[PDB]
Structures are given as structure tokens and as C-alpha cells.
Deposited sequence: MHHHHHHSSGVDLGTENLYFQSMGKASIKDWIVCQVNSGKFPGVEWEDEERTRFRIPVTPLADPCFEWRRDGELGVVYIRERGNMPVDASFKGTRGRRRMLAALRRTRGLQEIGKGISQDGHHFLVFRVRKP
């Protein structure tokens, strides 16, 4: 299926912390990208999604699973990287809008 439909489903499942909708109309979502060495790194948040992407679509080393997932997300026209930010807790994330 489409990678757009995939990530959207992961956001809608609510089983990945940080992988969440940002607005009430559910048109843009966040993707945790906190670096490994970052003190606030949290696997279930900044790593697990990347690995799930591999199972479904040696990628278990570091955050390579995520590194690949992002590439694919930044490639599909259905999505648009609109921004990023570090939350008050220190969690790094990206923001993608759905067209």
C-alpha cells in the first residue's frame, strides 16, 4: 500500500508515543526523531516506529530503521514536511502535513 496510508495508520493507532496528530482535524502529525545520544532519547518513542517500518515495508542497529522511514516519508507527494521542534520535555520531532 501507500506509505502515506501506512504512517497515517500508525498515527491513528495511538500505540507509538510522539507519533500523534497535532490538530483536531487530523491533517498534520508529528514524528519523534530524538538522536540516540540525546539525554532524552526514548526507544519506544524515537526508535520503535522506525523498526516497525522495516518489518512491514541490520536495520535494527541504532535508529537506521527510522532514518530509512523518514527518507520514504520525505519522498511521497502525499505528505509535506512543514516543520519541527523540541517539546518542553526535550523530545525532538518533525511535522508532516497530509494533502
Comparing deposited sequence to modelled residues, the uncovered ranges are 1-25, 83-88, 131-132
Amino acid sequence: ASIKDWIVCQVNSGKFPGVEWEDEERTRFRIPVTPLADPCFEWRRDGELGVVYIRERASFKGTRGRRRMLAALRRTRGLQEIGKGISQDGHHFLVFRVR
From here on, numbers count along this sequence of modelled residues.
Going by the average Cα B-factor in the PDB entry, point out whether 78-86 or 9-17 comes out higher. 78-86
Mean C-alpha B factor from the entry: is it higher for 67-75 or for 44-52? 67-75
For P39, the third of its chain into which the C-alpha B factor falls: highest
Split the chain's modelled residues into thirds by Cα B-factor; is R26 in the lowest, middle or highest one? highest
